[PDB]
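The next block holds one structure in the form of structure tokens; read it before the comments.
Lettering of chains follows the sequences in order, A, B, ..., and the numbering in each one begins at 1. All values below were derived from every heavy atom in this structure, side-chain atoms included, with hydrogens, water molecules and symmetry-related copies excluded. Indexing begins at 1, ligand by ligand and atom by atom, following the structure's order.
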Amino acid sequence: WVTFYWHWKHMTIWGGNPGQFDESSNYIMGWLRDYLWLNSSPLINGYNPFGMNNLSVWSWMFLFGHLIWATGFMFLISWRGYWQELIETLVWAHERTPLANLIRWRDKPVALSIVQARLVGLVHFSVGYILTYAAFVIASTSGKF
Amino acid sequence: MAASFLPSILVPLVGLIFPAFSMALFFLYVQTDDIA
Amino acid sequence: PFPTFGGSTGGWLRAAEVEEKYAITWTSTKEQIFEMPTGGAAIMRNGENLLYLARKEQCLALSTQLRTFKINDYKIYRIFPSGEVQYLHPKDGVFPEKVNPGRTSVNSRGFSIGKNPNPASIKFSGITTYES
Amino acid sequence: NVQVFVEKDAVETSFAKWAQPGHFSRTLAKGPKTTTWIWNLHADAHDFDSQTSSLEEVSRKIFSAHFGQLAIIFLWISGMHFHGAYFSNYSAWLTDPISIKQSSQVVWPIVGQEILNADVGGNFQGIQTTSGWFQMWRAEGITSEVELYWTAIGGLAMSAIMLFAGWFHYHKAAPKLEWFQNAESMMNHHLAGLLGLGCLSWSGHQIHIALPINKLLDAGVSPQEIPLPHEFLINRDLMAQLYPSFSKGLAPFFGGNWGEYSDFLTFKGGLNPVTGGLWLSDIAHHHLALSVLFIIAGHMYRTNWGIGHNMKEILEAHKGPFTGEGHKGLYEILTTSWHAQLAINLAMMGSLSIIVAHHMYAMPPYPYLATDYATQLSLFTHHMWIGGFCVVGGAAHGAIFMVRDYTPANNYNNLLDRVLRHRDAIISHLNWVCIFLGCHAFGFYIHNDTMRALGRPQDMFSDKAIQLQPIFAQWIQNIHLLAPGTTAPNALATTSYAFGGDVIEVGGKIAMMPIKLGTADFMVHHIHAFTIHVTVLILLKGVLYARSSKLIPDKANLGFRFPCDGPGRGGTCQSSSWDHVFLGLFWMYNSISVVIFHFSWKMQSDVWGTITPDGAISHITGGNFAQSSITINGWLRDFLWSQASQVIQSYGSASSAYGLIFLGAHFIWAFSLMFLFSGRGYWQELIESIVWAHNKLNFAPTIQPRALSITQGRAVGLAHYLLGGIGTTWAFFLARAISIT
Amino acid sequence: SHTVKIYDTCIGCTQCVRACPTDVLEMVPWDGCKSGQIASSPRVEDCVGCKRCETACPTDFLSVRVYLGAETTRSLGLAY
Amino acid sequence: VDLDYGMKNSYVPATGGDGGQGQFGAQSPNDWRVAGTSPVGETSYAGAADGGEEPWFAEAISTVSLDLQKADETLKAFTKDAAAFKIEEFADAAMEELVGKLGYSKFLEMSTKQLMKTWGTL
Amino acid sequence: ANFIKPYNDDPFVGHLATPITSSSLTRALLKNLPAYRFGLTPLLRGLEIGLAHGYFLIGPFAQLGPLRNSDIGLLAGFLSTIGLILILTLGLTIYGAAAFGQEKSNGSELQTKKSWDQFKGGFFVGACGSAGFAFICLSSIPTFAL
Ligand code: CLA
Ligand code: CLA
Ligand code: CLA
Ligand code: CLA
Ligand code: CLA
Ligand code: CLA
Ligand SMILES: CCCCCCCCCCCCCCCC(=O)OC[C@H](COP(=O)(O)OC[C@@H](O)CO)OC(=O)CCCCCCCCCCCCCCC
Ligand SMILES: CC1=C(/C=C/C(C)=C/C=C/C(C)=C/C=C/C=C(C)/C=C/C=C(C)/C=C/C2=C(C)CCCC2(C)C)C(C)(C)CCC1
Ligand SMILES: CC1=C(/C=C/C(C)=C/C=C/C(C)=C/C=C/C=C(C)/C=C/C=C(C)/C=C/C2=C(C)CCCC2(C)C)C(C)(C)CCC1
Ligand SMILES: CC1=C(C/C=C(\C)CCC[C@H](C)CCC[C@H](C)CCCC(C)C)C(=O)c2ccccc2C1=O
Ligand code: SF4
Ligand code: SF4
């Protein structure tokens with residue numbers, strides 16, 4: 001919220017129209033439409049069916065961050081028992097598969113622990129959050145000005 | 001020999017050779033049964 | 001003395017061969033269908049039955065089910081790969097829920113749970129508060 | 001012997017138990033001591049088999065509750081007809097279906113909300129509605145609001161009748177369990193009577209009423225000049241003017257010269273060029289043939305007259321060398337478990353809803369439906385969602401069967417037993433299939449995004465590059481395009497223009513045209529296969545590991561719905577089959593979301609649009625699907641960002657409710673994550689501090705406040721997640737489609 | 001292996017012993033309470049840590065406490 | 001047959017957060033980390049079963065069994081102290097009278113006064 | 001009458017004898033593969049396996065790699081195959097080190113350190129040579145026209 005506020009106020013100042021922030025920041029749709037949607041444009045066109053420019057790395061990082069954040073959702077929402085039961089069938093399959101059962105693990109595969117899954121989900125969430133916003137702020141500011 | 005050659009020399013060493021050997025070494029260390 | 005069972009993919013794995021295995025025996029007085037803890041139904045034999053399982057918890061789940069059949073003579077053993085056996089349950093011939101003379105209390109602390117010492121008081125000792 | 005057995009005055013009618021909340025449950029009957037009680041009361045209200053151990057009582061409760069649901073549905077239909085009769089522009093829309101926007105909801109002027117009364121045309125202001133009421137009413141032959149009023153009155157009467165019937169069959173005449181266990185007779189009646197006679201009578205309405213009225217309405221006759229429906233019944237000359245074979249009457253029907261009725265029972269296929277919908281004569285022939293089929297099907301099972309099949313016999317005979325006892329025991333399961341029946345029936349009804357969505361878009365059955373893009377989008381999406389929920393519910397009730405009604409003794413060496421005996425193989429192979437599908441299908445998109453970002457378009461998976469042509473689908477499309485003359489020689493046109501053929505144009509808008517399949521369609525169809533396989537993995541794991549697993553050997557004793565078995569064994573959170581339903585619901589949401597996005601973008605890009613009298617086609621999004629849908633960036637930019645313009649720019653217009661609901665759905669979706677990501681220990685500890693503040697001022701409820709249970713935390717989180725995500729897509733679709741229609 | 005301790009508030013109700021899925025606990029004679037018995041955990045090597053015993057215990061606060069510790073094959077509930 | 005065979009494992013209990021080896025041992029004395037399957041005619045580990053013409057499923061062959069005699073004998077061996085306690089409290093030959101008159105499991109299950117009652121018969 | 005039975009007549013092992021696991025085709029195939037075939041030296045098992053794999057591994061690289069449309073595409077595909085073989089050989093080496101330790105092996109069985117080293121070397125030679133052979137074969141594709 002803090003950085004969104006800073007960035008939108010500065011983007012409207014730098015764009016020569018502070019009045020856009022002054023009027024549209026008073027309701028949420030103003031933030032969604034005039035800050036995020038409007039300023040997504042150069043970022044999402046870093047590459048497209050017609051070519052690419054030097055902002056394509058930020059477009060890719062933007063999608064990368066969305067993906068990492070969503071993958072963190074998996075660890076945060078689904079918990080351990082489901083995964084442990086699934087890994088049990090995986091162990092069964094490997095032990096019973098010819099030419100692959102020539103090779104065996106020396107550390108029994110187990111699902112991630114309860115706390116470990118909370119931490120992994122949190123790390124994925126945080127990395128995705130940071131990378132998405134960094135790509136957006138850099139690409140939007142640099143592709144506009 | 002020139003320094004301008006260094007990226008194409010060094011980047012494959014940093015990004016392919018070094019991680020592979022580091023991962024192999026860590027794997028061997030974690031599989032070792034008596035480390036001390 | 002195996003029950004009538006067509007087999008499943010849920011049975012024991014390499015661990016039963018290399019780490020440890022479990023066996024449960026019991027006496028049934030008739031042929032009756034029961035639920036295998038590993039999935040599926042098996043038919044008990046009239047007389048002695050023997051069943052092999054990967055985990056002690058599986059044996060105890062089966063014994064809990066046997067209790068609903070009025071069967072209380074089940075015995076549970078652990079078998080090691082060398083062939084050594086350990087008699088596990090009921091350890092002294094009496095169910096643990098029934099108090100028995102000759103058992104000694106293990107792991108009691110002679111105070112209520114609120115009297116364990118403070119963590120900061122045993123730092124660097126290697127012990128925990130519940131063990132001191 | 002199929003007989004009616006009913007107990008009279010089974011249950012007294014009284015308000016005493018209405019004053020005793022939780023009366024149905026022995027535990028909940030003692031009254032609340034914590035707020036948990038309250039939640040439990042709603043959770044266990046319709047869990048009839050936990051309120052009593054008698055199957056007969058459960059059956060009686062289910063029967064009466066079904067009547068209650070029917071009463072509610074009749075009330076809903078009657079309300080829709082009443083709103084059509086008094087708060088709609090149906091009469092004006094009848095005269096010009098092309099330029100007037102259908103509207104059947106009006107809002108009161110208060111706090112400025114009257115802006116929602118859009119200028120929909122016909123001297124009428126209101127909300128543009130997308131449920132297809134006007135098209136259905138016009139197809140039925142409804143030409144006046146008075147007919148709608150009478151249909152609404154009858155709907156009210158039927159709602160009251162259903163409510164009385166429910167009261168009567170619970171409190172006055174409750175059938176015995178032996179009555180309910182009449183699978184053969186029930187199938188005979190529901191096939192021959194409900195489906196067969198329903199089809200026959202609807203075909204009668206279509207032949208006698210809907211067909212001539214629609215022939216006149218298409219011919220350009222005004223609704224105020226069309227003869228009243230009963231005139232077509234009492235004037236065989238009126239019908240003879242329109243369909244000449246009516247001048248022969250019923251003589252050909254009993255004589256066997258049915259070809260004489262070829263003028264009103266047709267096999268044209270295609271669409272009506274004037275309306276853009278199916279020919280009503282084809283629909284009438286369809287319903288007549290279906291009625292015959294169902295009436296035949298309803299004489300298969302033996303009830304009282306010696307002849308007929310016993311279902312248990314048929315099931316018992318079907319066993320082979322790979323399947324032990326085969327289908328033995330299934331009849332007992334499906335005649336003693338309501339959960340087994342509900343699992344089957346929810347699975348079927350949901351799959352049928354999905355099928356309905358597809359078939360109704362591709363072969364638009366109502367007049368002026370095809371060019372009402374808002375209605376087409378809303379109907380497809382709605383039926384997709386309903387189907388997804390119903391298939392997941394079928395899975396859930398299969399799991400409930402496994403936990404509660406499965407008996408090992410009755411399932412020795414039958415199909416169910418052997419499935420349980422190779423669950424590990426089934427789940428391991430499904431897991432591998434899911435990984436393979438996910439990796440390849442989604443890696444196509446990831447590869448494409450990376451190649452395009454690196455400035456390597458020629459290395460992409462695309463039509464202009466490395467191609468992934470859906471050759472099997474294309475082969476099928478060609479076969480269906482060639483069918484009308486050769487493999488269906490009596491069909492005059494294709495079953496659907498989506499397979500190939502001309503462009504059907506109504507009012508300058510495209511009703512249907514061939515839907516071509518390329519690399520992008522290949523990739524998206526494999527995404528659909530992937531998501532469905534993962535959803536099946538989760539739900540089938542929930543059913544097959546419902547009773548036991550290597551982790552928790554005695555899961556059935558813990559029940560269908562329990563949070564966990566403790567942090568031991570590494571941690572056992574969400575091991576219950578209810579938790580598998582919980583995760584499967586998220587995956588179904590993902591799957592259906594992708595399906596409806598694929599529909600929306602493909603139809604806008606390649607089907608819908610305008611068409612000049614010359615022949616120039618201008619699609620809504622300009623044919624960008626093929627090159628934009630092959631990357632995730634193209635979906636984020638060319639679908640979401642671009643098509644969200646209407647919903648985010650809707651403030652200050654009649655669509656502003658959609659912008660508001662878009663925002664509120666985002667809010668509720670984010671609100672759900674608090675429940676999904678957290679745990680009740682934290683919240684109970686916080687509540688302790690809040691209870692302290694209340695106690696510090698000498699007051700606190702004797703119903704002690706409690707954080708939600710673990711399972712209720714999950715349920716609430718998922719419910720708000722689904723409401724938020726689905727409502728966001730709802731607002732987005734509706735604003736977009738109202739703009740483009 | 002997990003640690004399972006019995007505190008002297010135990011009333012010898014035998015509910016933790018009946019709740020245990022792996023037979024870690026047993027009742028032993030004791031003069032500290034009316035029932036004349038106390039819980040004991042001689043077989044903590046088989047404790048999985050499910051805490052069903054704690055769920056079953058009627059005292060306030062608990063008289064049986066499970067502290068999770070070093071994991072083994074037995075404590076992880078592995079069939080492999 | 002040694003009774004501490006289970007306890008004689010390599011598990012070294014930690015100084016904290018560890019219940020140690022209880023009545024039978026924390027873990028098996030046998031190293032579970034063994035080799036995968038092996039070609040025709042070869043054994044993967046010391047006591048492995050020869051899978052014959054199907055070595056890939058060699059691990060599905062059982063070399064660990066419990067014959068009823070071993071079960072009875074280990075039952076007696078593991079409960080020898082409990083039987084010694086029961087005769088110590090009821091009171092060599094007397095134990096042989098009781099455990100043959102009614103049974104060994106029943107002798108464990110009964111009570112010292114009840115056994116004082118059955119000793120009344122002869 | 002019953003094409004499924006418990007594996008090894010043992011109902012309680014987690015396996016079933018089905019046509020997939022226990023048909024004559026499956027048994028003959030598996031017993032004849034070099035990972036299982038009686039009488040092979042570990043080096044020869046490794047060699048046969050490498051020969052089988054390196055031949056097909058070049059195809060994806062040659063036909064779908066970045067330089068597939070250049071006239072040195074086959075050479076680049078061969079180089080990519082060699083790189084993949086090196087990655088796999090590293091995997092085999094560290095696997096053997098972990099699975100068997102570094103002590104001197106007491107036997108000639110494949111599941112021993114010395115035998116596994118021989119097998120790994122045979123695999124590397126077989127795979128690299130097979131990739132080279134496939135390179136030669138792909139240098140001139142016969143149309144088979146008289
Ligand atoms: C720690 C700061 C730092 C970082 C993040 C980088 C990053 C990079 N260097 Mg640079 N480099 C650095 C310091 C750093 N360098 C210093 C101090 C020197 C003078 C010796 C160089 C000399 C150098 C040359 C000649 C080249 C690079 C190149 C690169 C790029 C490719 C990686 C590579 O192949 O380098 C190889 C790096 C070395 C041979 C020397 C590395 C020396 C630093 C101090 C190692 C840092 C260790 C680090 C602090 C450990 C903590 C990290 C870990 C915990 C995650 C990459 C952007 C290549 C490039 O520019 O491609 C376009 C390239 O050709 N670097
Ligand atoms: C199918 C369901 C359905 C739905 C969702 C609607 C929805 C609507 N109707 Mg329609 N309508 C329906 C069926 C439906 N109707 C039927 C069957 C008829 C024939 C009777 C009508 C006849 C009709 C007319 C004539 C009008 C509407 C109007 C409306 C609109 C305003 C409603 C309102 O705010 O009233 C006021 C709402 C209240 C007074 C809320 C009271 C809620 C009670 C107190 C709580 C009940 C809870 C429980 C049952 C009671 C427990 C306690 C109790 C025992 C004491 C709204 C869009 C109005 C409209 O469209 O204006 C342009 C309007 O004029 N409807
Ligand atoms: C929450 C549940 C729900 C809701 C609110 C809706 C809402 C709607 N449905 Mg949908 N529907 C649903 C579930 C739901 N549906 C399910 C589960 C199915 C699969 C059977 C359908 C199949 C369906 C069809 C075929 C049609 C609708 C239509 C409609 C719209 C008009 C309502 C109407 O009165 O048409 C009344 C319905 C008709 C006039 C046609 C009914 C024809 C079907 C084949 C009758 C089947 C009845 C049969 C006895 C059911 C038993 C199945 C059997 C295998 C046992 C409205 C948007 C109609 C529409 O889109 O109009 C524009 C429409 O034609 N629905
Ligand atoms: C034919 C349809 C049908 C029927 C008759 C049943 C019947 C039953 N279900 Mg099943 N189920 C179904 C479909 C059905 N279900 C579907 C489609 C799903 C997938 C979602 C499920 C998944 C499911 C689970 C996971 C469980 C059940 C359970 C039950 C039993 C308890 C019901 C209860 O007390 O809830 C009382 C009803 C409520 C508390 C109402 C809940 C309101 C929902 C959550 C939100 C409504 C949102 C609303 C429409 C939108 C509002 C928006 C607005 C606020 C802005 C009962 C036997 C439970 C059971 O234990 O079975 C033995 C159980 O745990 N069902
Ligand atoms: C976008 C976020 C996200 C992602 C990426 C995943 C991914 C996955 N989920 Mg998860 N899930 C999610 C959200 C997500 N989920 C959420 C929010 C929840 C809570 C409801 C869940 C709850 C859940 C359940 C209940 C289940 C899954 C399962 C899966 C796996 C499905 C099988 C598969 O396709 O593997 C393939 C891998 C992918 C599709 C990911 C990327 C593939 C890339 C693009 C191609 C291959 C790259 C390759 C590995 C090279 C990597 C290079 C690297 C070394 C640098 C897959 C790993 C299921 C499972 O495990 O089935 C076997 C399963 O049962 N998830
Ligand atoms: C997962 C889906 C997927 C697929 C199918 C592809 C496919 C491709 N990628 Mg892409 N890519 C992907 C995801 C994917 N990618 C992801 C997630 C990234 C990271 C963002 C990339 C980044 C990337 C880059 C930078 C490049 C590629 C390139 C390529 C091409 C050459 C790759 C190659 O030669 O591998 C070699 C393949 C193998 C060695 C083996 C393939 C698997 C075999 C065939 C399975 C056989 C199983 C068999 C049937 C089982 C039974 C057999 C029998 C014994 C019974 C190829 C078209 C290159 C290119 O130039 O594209 C044109 C390239 O430079 N990709
Ligand atoms: C294209 C649709 C999805 C295809 C999925 C996989 C394609 C692979 C081909 C499998 C089709 C034939 C299956 C065997 C042929 C078949 O139809 O049944 C043949 C045979 C039937 O045996 P009997 O003659 O004993 O049958 C008597 C019957 O009356 C059953 O009681 O079934 C079996 O041998 C066991 C079936 C499990 C076989 C598992 C095979 C792998 C299944 C893949 C998962 C299926 C997904 C569908 C779930 C709804
Ligand atoms: C829409 C709606 C509605 C309405 C409905 C209606 C109006 C219905 C009707 C219906 C009808 C109106 C029905 C009818 C029926 C009929 C029938 C189904 C008949 C049958 C018959 C037959 C089977 C025949 C036979 C025969 C012959 C062929 C010859 C000889 C003689 C005889 C007769 C035997 C309501 C209100 C509900 C509300 C909701 C919506
Ligand atoms: C049969 C069959 C099948 C399969 C197929 C396959 C899978 C095949 C494969 C094949 C293959 C995969 C082949 C391979 C080949 C290889 C080769 C042919 C190699 C050779 C090589 C060489 C000759 C080399 C040599 C060398 C060396 C060693 C070293 C040095 C160098 C050189 C070069 C000299 C199926 C299932 C369909 C079914 C039907 C039948
Ligand atoms: C926020 C949250 C809570 C706290 C939320 C609670 C206790 C819900 C409170 C519901 C209220 C009290 C009922 C509705 C009442 C209105 C909000 C206010 C009206 C007040 C009176 C009229 C009753 C949990 O208990 C919880 C449990 C498990 C997982 C996640 C969570 C979780 O995320
Ligand atoms: S209490 Fe919560 S965190 Fe602990 S095991 Fe149960 S579900 Fe998991
Ligand atoms: S520890 Fe608790 S449950 Fe166990 S006997 Fe003592 S009071 Fe009862």
Side-chain angles (χ1 to χ4, degrees), chain A residues 60 64 99, chain C residues 97 99 108, chain D residues 73-78 80-81 136-137 140 142 147-148 150-159 161 192-193 196-205 208-209 250 253-254 291 295 436 438-451 453-454 456 458-461 465-466 468, chain E residues 4-20 25-28 30 33 35 37-41 52-60 62-65, chain G residues 52-53 56-69 76-77 80-81 83-84 88:
Chain A
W60 201 89
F64 191 62
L99 295 174
Chain C
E97 63 270 16
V99 66
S108 284
Chain D
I73 291 178
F74 270 116
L75 179 61
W76 174 71
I77 297 180
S78 176
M80 297 310 102
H81 283 77
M136 178 199 305
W137 293 338
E140 289 163 354
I142 298 280
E147 297 167 342
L148 292 177
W150 286 105
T151 315
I153 292 304
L156 279 181
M158 289 304 295
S159 169
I161 292 179
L197 293 191
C199 261
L200 178 58
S201 60
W202 185 238
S203 101
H205 177 98
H208 290 295
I209 313 297
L250 282 184
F253 176 81
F254 298 103
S291 82
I295 298 166
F436 167 89
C439 281
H440 292 80
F442 187 68
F444 291 147
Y445 291 87
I446 298 304
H447 170 104
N448 280 348
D449 274 282
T450 305
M451 291 299 113
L454 290 165
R456 300 165 60 181
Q458 75 282 346
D459 290 332
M460 299 176 78
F461 294 105
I466 309 169
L468 303 171
Chain E
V4 180
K5 297 305 187 168
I6 312 295
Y7 295 81
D8 70 357
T9 52
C10 176
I11 62 177
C13 68
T14 81
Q15 295 313 305
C16 61
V17 182
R18 299 173 190 270
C20 189
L25 314 171
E26 56 176 30
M27 299 306 298
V28 309
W30 192 52
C33 70
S35 56
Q37 50 185 333
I38 194 180
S40 184
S41 52
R52 295 181 188 188
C53 56
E54 292 183 344
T55 303
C57 182
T59 69
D60 194 72
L62 295 166
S63 298
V64 53
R65 209 68 163 104
Chain G
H53 292 70
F56 82 83
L57 278 181
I58 197 179
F61 298 115
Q63 303 256 308
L64 295 167
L67 304 169
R68 69 198 180 279
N69 295 327
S80 307
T81 311
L84 178 51
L88 292 170

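To the nearest 0.5 Å, atoms OG1 (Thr59(E)) and CD (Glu54(E)) are separated by 10.0 Å. How far CG of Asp8(E) is from OG of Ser108(C): 8.5 Å, rounded to the nearest 0.5 Å. For the atom pair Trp60(A) CH2 and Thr450(D) OG1, the distance stands at 5.5 Å (nearest 0.5 Å). One finds the CE atom of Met451(D) at 11.5 Å from the CD1 atom of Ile446(D) (value rounded to the nearest 0.5 Å). A distance of 10.0 Å separates CG of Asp459(D) from CG of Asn448(D), quoted to the nearest 0.5 Å.
Remark: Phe64(A) CZ is loosely packed, at most 12 non-hydrogen atoms of other residues, nucleotides or ligands lying under 6.0 Å away.
Proximity of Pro66(G) to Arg456(D): side-chain heavy atoms (C-beta onward) are separated by under 4.5 Å at one or more points.
Counting only distance, with no hydrogens or angles, the side chain of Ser78(D) and the backbone of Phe74(D) share no donor-acceptor pair below 3.5 Å. The backbone N or O of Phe61(G) lies less than 3.5 Å from no partner atom in the side chain of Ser80(G), so there is not a single donor-acceptor pair. Although no hydrogens or angles enter the test, the distance criterion places a donor-acceptor pair under 3.5 Å between the side chain of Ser63(E) and the main chain of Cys10(E).
With sequence neighbours excluded, the residues satisfying side-chain hydrogen bond (donor to acceptor under 3.5 Å, both in side chains) with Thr14(E) are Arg18(E). Qualifying ring pair (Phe, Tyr, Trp, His ring centres under 6.0 Å) partners for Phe461(D), counting only residues two or more places apart in sequence or in other chains: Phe444(D), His447(D).
Among all non-hydrogen protein atoms, the one lying nearest atom 5 (C) of ligand 6 is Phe444(D) CE2, 4.0 Å. In terms of protein heavy-atom proximity, atom 30 (C) of ligand 6 is nearest to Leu64(G) O, 3.4 Å. Atom 39 (C) of ligand 6 has its closest protein heavy atom at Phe61(G) CZ, 3.7 Å. Of all protein heavy atoms, the one lying nearest to atom 1 (C) of ligand 6 is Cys439(D) O, 3.2 Å. Nearest protein heavy-atom contact of atom 37 (C) of ligand 8 is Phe74(D) CE2, 3.9 Å. Looking from atom 11 (C) of ligand 8 to the surrounding protein, the closest heavy atom is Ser201(D) CB, 4.4 Å. In terms of protein heavy-atom proximity, atom 58 (C) of ligand 6 is nearest to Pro66(G) CD, 4.1 Å. Nearest to atom 21 (C) of ligand 8 among the protein's heavy atoms is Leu200(D) CD2, 4.4 Å. Distance from atom 40 (C) of ligand 8 to its nearest protein heavy atom, with residue and atom name: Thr151(D) CG2, 3.9 Å. Of all protein heavy atoms, the one lying nearest to atom 57 (C) of ligand 6 is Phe461(D) CZ, 3.7 Å. The protein heavy-atom contact nearest to atom 37 (C) of ligand 6 is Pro60(G) CB, 3.5 Å. Closest protein heavy atom to atom 63 (C) of ligand 6: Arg456(D) NH2, 3.7 Å.
Of all non-hydrogen atoms in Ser41(E) and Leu25(E), the two that sit nearest each other are CB-CD2, 3.6 Å. For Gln458(D) against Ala465(D), the heavy-atom pair with the smallest separation is O-CB, 3.8 Å.
Closer than 2.8 Å to atom 10 (Mg) of ligand 6 sit the protein N, O or S atoms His447(D) ND1. Protein N/O/S atoms closer than 2.8 Å to atom 8 (Fe) of ligand 12: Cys13(E) SG.
Taking the six-membered ring where the residue is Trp, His53(G) and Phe56(G) present tilted rings, their angle falling between 30° and 60°.
Ligand-side atoms of ligand 6 in range of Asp459(D): 62 (C), range being under 4.0 angstrom from any heavy atom. Of all the atoms in ligand 8, the ones that sit under 4.0 Å from a non-hydrogen atom of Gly155(D) are 38 (C).
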Please step through side chain to side chain contact (heavy atoms under 4.5 Å, CB included) for the pair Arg68(G) and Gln63(G), ending with a clear verdict. CA-CA 6 Å; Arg68(G) 69 198 180 279; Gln63(G) 303 256 308; over 6 Å; no

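Checking atom 14 (C) of ligand 8 against the protein gives a heavy-atom contact under 4.0 Å. Checking atom 27 (C) of ligand 8 against the protein gives no heavy-atom contact under 4.0 Å.
Partner of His81(D) under the ring pair (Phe, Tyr, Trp, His ring centres under 6.0 Å) criterion, out of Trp137(D), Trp76(D), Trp150(D): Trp137(D) alone.
For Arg68(G), the closest heavy-atom approach to ligand 6 falls below 4.0 Å.
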